[PDB]
Amino acid sequence: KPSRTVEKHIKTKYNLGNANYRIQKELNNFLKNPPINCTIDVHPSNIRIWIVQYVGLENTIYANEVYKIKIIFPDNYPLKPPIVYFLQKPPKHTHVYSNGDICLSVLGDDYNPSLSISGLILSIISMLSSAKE
């Protein structure tokens with residue numbers, strides 16, 4: 001269970017039925033099972049906002065190029081998927097756009113409440129590993 005931990009929202013007790021609860025549960029799993037080459041940091045005073053930083057896998061056309069992926073958990077998460085996309089300076093990839101949007105079924109038409117954030121992000125990481133450009 002890598003990743004250490006900067007500041008804890010892990011402490012705060014969230015109502016055993018609210019959206020934050022599930023989000024907190026998702027954070028802990030993220031710290032315990034980090035997607036390869038990613039680190040994390042959540043907004044202080046707002047557990048709904050996360051920013052993951054992914055350092056390109058050496059064995060890929062993205063080797064050593066640091067990229068950031070923001071995650072916004074809406075009001076009705078996990079019923080409504082989390083809003084996920086790359087931040088300032090997206091990676092030039094087939095399914096990634098200038099604004100950072102990500103064309104991935106999982107983030108929209110194939111998403112279901114049970115998907116894990118660490119998993120969404122890991123899916124994104126493997127998407128980056130493929131082809132050239």
# chains A, B, ... in the order shown; residues from 1 in each chain; ligands from 1
call {"tool": "select_by_dssp", "arguments": {"residues": "chain A", "states": "strand (DSSP E or B)", "output": "MDAnalysis selection string"}}
result
chainID A and resid 38:42 49:55 66:72 83:86 96 102
call {"tool": "residues_around", "arguments": {"residues": "segment 31-40 of chain A", "least_positions_apart": "6", "cutoff": "7 Å", "atoms": "only C-alpha atoms", "output": "VMD selection string"}}
result
chain A and resid 1 to 3 51 to 55 118 121 to 122
call {"tool": "closest_residue", "arguments": {"among": "A:115, A:49, A:44, A:106", "to": "residue 73 of chain A", "atoms": "only C-alpha atoms"}}
result
A:49
call {"tool": "closest_residue", "arguments": {"among": "A:62, A:119, A:104, A:13", "to": "residue 30 of chain A", "atoms": "only C-alpha atoms"}}
result
A:119
call {"tool": "closest_residue", "arguments": {"among": "A:75, A:109, A:133, A:101", "to": "residue 18 of chain A", "atoms": "only C-alpha atoms"}}
result
A:75
call {"tool": "closest_residue", "arguments": {"among": "A:29, A:114, A:126, A:98", "to": "residue 78 of chain A", "atoms": "only C-alpha atoms"}}
result
A:114
call {"tool": "residues_around", "arguments": {"residues": "residue 71 of chain A", "least_positions_apart": "4", "cutoff": "10 Å", "atoms": "only C-alpha atoms", "output": "MDAnalysis selection string"}}
result
chainID A and resid 42 48:52 82:87 117 121
call {"tool": "closest_residue", "arguments": {"among": "A:124, A:96, A:102, A:47", "to": "residue 72 of chain A", "atoms": "only C-alpha atoms"}}
result
A:47
call {"tool": "closest_residue", "arguments": {"among": "A:4, A:68, A:43, A:9", "to": "residue 21 of chain A", "atoms": "only C-alpha atoms"}}
result
A:9
call {"tool": "atom_distance", "arguments": {"atom1": "atom CA of residue 95 of chain A", "atom2": "atom CA of residue 110 of chain A"}}
result
15.8 Å
